[PDB]
Each structure stands twice: as C-alpha cells, then as structure tokens.
Colleague: 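Here it is, the structure, as structure tokens.
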Amino acid sequence: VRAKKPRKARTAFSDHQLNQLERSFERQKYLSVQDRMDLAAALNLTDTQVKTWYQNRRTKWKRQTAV
DNA sequence: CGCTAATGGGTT
DNA sequence: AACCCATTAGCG
C-alpha cells in the first residue's frame, strides 16, 4: 500500500511559526513571491512549505466562508 | 478521527 | 510559476 515515489516528511510547525503564518493570512490571503520568500526566511521555513501552508490555509478559509 | 502537510492532475 | 482543490497520508 506504500507509495513508490518518495514523499517529503510532514513538517511540524512551531507555535511561533503557526502564529506568524496565521497573522500573515489574516492580513493578506495571497502573497507576492517576495512577501512569501521573506516570510519563509523570517520563520526558517522553506519557500515551498510557506507556499503550501498558504494554499492549504486558503482551502480551509474557503470551506469556512461557505458556512 | 480531525486537522492539516504534502501530492496529483488539471487550470490560470 | 503559482494556483485550485480533491486526494493521500502523518500524527496527537
């Protein structure tokens, strides 16, 4: 049942990282490439981890908007 | 299970 | 390139 393609380990975000990602999201639902890279740098996260966090946060946000 | 990080497969 | 968003899957 295991994938043939290697998947990345699941990142566990710190409370500090989640607090800052949530503050960023409340302010701006979409980030410029520069604002995203800068946030990744400030939090010692990868660009992709921040990009994906934003994407999955927008999914969650759209589901709450629908109720 | 529930939440949500990462990925698939297609769109913008 | 980044997004959309259904899906796959890790873990408390």
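Because only heavy atoms are used, hydrogens play no part in the values below, and waters and symmetry mates are left out as well, while side chains stay in. Chain letters run A, B, ... following the sequence lines, proteins first, then strands; residues in each count from 1.
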Colleague: The criterion is side-chain contact (heavy atoms from CB on, under 4.5 Å); which residues satisfy it with A:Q55, sequence neighbours excluded?
Modeller: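 Once residues adjacent in sequence are excluded, the partners of A:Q55 under the side-chain contact (heavy atoms from CB on, under 4.5 Å) criterion are A:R58.
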Colleague: In whole Å, I'd like the distance from the NZ atom of A:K8 to the P atom of B:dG8.
Modeller: 12 Å
Colleague: Sequence neighbours left out, what passes side-chain contact (heavy atoms from CB on, under 4.5 Å) with A:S14? Give chain and number order.
Modeller: A:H16, A:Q17
Colleague: I'd like the 5' and 3' limits of the part of DNA chain C contacted by chain A, with heavy-atom contacts below 4.0 Å.
Modeller: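 Under 4.0 Å from chain A, the extent on DNA chain C is C:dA2 to C:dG10.
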Colleague: Residues in side chain to side chain donor-acceptor pair (under 3.5 Å) with A:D35, at least two apart?
Modeller: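 So A:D35 forms no side chain to side chain donor-acceptor pair (under 3.5 Å) with any residue.
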Colleague: Could you check whether any side-chain heavy atom of A:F13 comes within less than 4.5 Å of a side-chain heavy atom of A:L45, counting everything from C-beta outward?
Modeller: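 With C-beta onward as the side chain, the pair touches.
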Colleague: When the distance from NZ of A:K5 to P of B:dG9 is rounded to whole Å, what number comes out?
Modeller: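 Result: 11 Å.
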Colleague: Go through the structure and list residues passing ring pair (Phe, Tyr, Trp, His ring centres under 6.0 Å) with A:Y54, not counting sequence neighbours.
Modeller: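 Partners of A:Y54 under the ring pair (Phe, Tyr, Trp, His ring centres under 6.0 Å) test: A:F25.
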Colleague: Go through the structure and list residues passing salt bridge (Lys or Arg N to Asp or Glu O under 4.0 Å) with A:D38, not counting sequence neighbours.
Modeller: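 Expected list: none.
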Colleague: Considering residues at least two apart in sequence or located in another chain, which fulfil the side chain to side chain donor-acceptor pair (under 3.5 Å) criterion with A:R57?
Modeller: A:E22
Colleague: What residues in residues 10-17 of chain A put a non-hydrogen atom under 4.0 Å from any atom of DNA chain C?
Modeller: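 Close to the strand are A:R10.
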Colleague: Under the side-chain contact (heavy atoms from CB on, under 4.5 Å) rule, collect the residues that match up with A:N19, sequence neighbours excluded.
Modeller: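 Partners of A:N19 by the side-chain contact (heavy atoms from CB on, under 4.5 Å) criterion, ordered by chain and then number, come out as A:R23.
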Colleague: Who are the salt bridge (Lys or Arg N to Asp or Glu O under 4.0 Å) partners of A:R7, not counting sequence neighbours?
Modeller: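 By the salt bridge (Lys or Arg N to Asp or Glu O under 4.0 Å) rule, A:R7 matches no residue at all.
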Colleague: Please compare A:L31 and A:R63 by the position of their nearest nucleotide in DNA chain C and report the one closer to 5'.
Modeller: A:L31
Colleague: Return the value, rounded to whole Å, for the distance between atom OH of A:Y30 and atom P of B:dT12.
Modeller: 13 Å
Colleague: Other than A:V1, what residues sit in its cluster of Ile, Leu, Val, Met, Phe, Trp and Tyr side chains whose heavy atoms are under 4.5 Å apart, directly or through others?
Modeller: none
Colleague: Whole Å only: how far is the CG atom of A:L21 from the P atom of B:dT4?
Modeller: 12 Å
Colleague: Please list, in numerical order, the residues of residues 37-57 of chain A that have a heavy atom closer than 4.0 Å to any atom of DNA chain C.
Modeller: A:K51, A:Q55
Colleague: Are any of the side-chain heavy atoms of A:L21 and A:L39 separated by less than 4.5 Å?
Modeller: yes
